[PDB]
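S.K.: Quick one: the structure is below, and I'll ask about it shortly.
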Ligand SMILES: CC(C)n1nc(-c2ccc(NC(=O)Nc3cccc(C(F)(F)F)c3)cc2)c2c(N)ncnc21
């Protein structure tokens, strides 16, 4: 396969993250190319190679023979989650946050067009680069999972939409865990009983509406990412043209 490079062309410099199955390292490829490298202790490619969009983290190369390595572009800001609760958090406002959201929706829209599913969409799985560039990446997270998928394993792009809705709460709360003061169990019970998170403080009701649309009980009622992208891209003109900066949003 033409993605295959030789291990030798990889210099694993700094370390970046630790996981259940392996690490992630800052690295150098062919001496001149800065890269991120995920490690193990090759099916995570069947579809990662076919994927190509400016808002999805780009694969660069693989090394199949164990230990399987993986080279992707480098995101200089780490996960959206760490970014949100980091020092940058306090400076981020609605416009910056709606723009990141839009970008993510854009990528998910591409996934949508390709008839793919993500299954685990959430801030932790979003990577940030220079100039607030956000890219979808790396595909139990019950609090992020649509009911039909959690209960009956009905995973679809529509359940991905659900997660997007939950992801919007992360952006608007600067990275707080959703359903505060609730454990996974009572989340299931409540959500199935129609409970939903309320409009976050300083968040415009129009944006909470969008969330609620994403959390509709019937997967088919949920908007497409194509709608979501367009909605957010246009947000401050067609939806909230009277937006005034607040203390946090
Ligand atoms: C936060 C730290 C652990 N980290 N992690 C990465 C990173 C490296 C590899 C991956 N792998 C990955 O995204 N695999 C994958 C598998 C299936 C589908 C996809 C998708 F197309 F959706 F992006 C992606 C994810 C994050 C990464 C990076 N590129 N640049 C800077 N820091 C990084």
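In the authors' numbering, the protein residues as written are 258 to 298, 308 to 405, 424 to 533.
A virtual CB, placed ideally from N, CA and C, is assigned to each residue, including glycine.
Start and end of the alpha helix (DSSP H) containing residue 270?
M.R.: Boundaries for residue 270: no alpha helix (DSSP H) harbours it, while the beta strand (DSSP E) harbouring it runs 267-275, taken from the DSSP string.
S.K.: Since residue 401 and residue 341 are thought to touch, with beta carbons under 8 Å apart, how far apart are those beta carbons, to the nearest angstrom?
M.R.: 7 Å
S.K.: The alpha helix (DSSP H) with residue 317 in it runs from where to where?
M.R.: Where residue 317 is concerned, there is no enclosing alpha helix (DSSP H), given that its DSSP letter is neither H nor E.
S.K.: Measuring alpha carbon to alpha carbon, tell me which of 365, 322, 486 ends up nearest residue 528.
M.R.: 486
S.K.: So, using beta-carbon positions, are residue 388 and residue 435 closer together than 9 Å?
M.R.: no
S.K.: With H, G and I counted as helix, E and B as strand and the rest as coil, what does DSSP make of residue 339?
M.R.: Residue 339 sits in coil when the DSSP states are folded into three classes, being neither helix nor strand.
S.K.: Pick from 460, 455, 499, 481: whose alpha carbon is nearest that of residue 441?
M.R.: The option with the nearest alpha carbon to residue 441 is 499.
S.K.: Among 431, 292, 285, whose alpha-carbon lies nearest the alpha-carbon of residue 477?
M.R.: 431
S.K.: Report yes if the C-beta of residue 295 is less than 8 Å from at least one heavy atom of ligand 1; otherwise report no.
M.R.: yes
S.K.: Contact check, residue 292 vs residue 335 under 8 Å by CB: the rounded distance?
M.R.: Actually they do not touch by this definition, with Cβ atoms about 10 Å apart.
S.K.: Going by the beta-carbon positions, is the gap between residue 330 and residue 383 smaller than 9 Å?
M.R.: no
S.K.: Of the residues 405, 361, 427, 372, which one's Cα is nearest the Cα of residue 475?
M.R.: 427
S.K.: Among the residues of its own chain, which have a CB less than 7 Å from the CB of residue 495, if the five just before and after it don't count?
M.R.: 449, 452, 453
S.K.: Out of 439, 319, 284, 490, state which residue places its alpha-carbon closest to the alpha-carbon of residue 265.
M.R.: 284
S.K.: Within its chain, find whatever has a CB closer than 7 Å to the CB of residue 368; leave out the 5 residues flanking it on each side and keep chain order.
M.R.: 513, 516, 517
S.K.: Is the beta carbon of residue 520 sitting closer than 9 Å to the one on residue 361?
M.R.: yes
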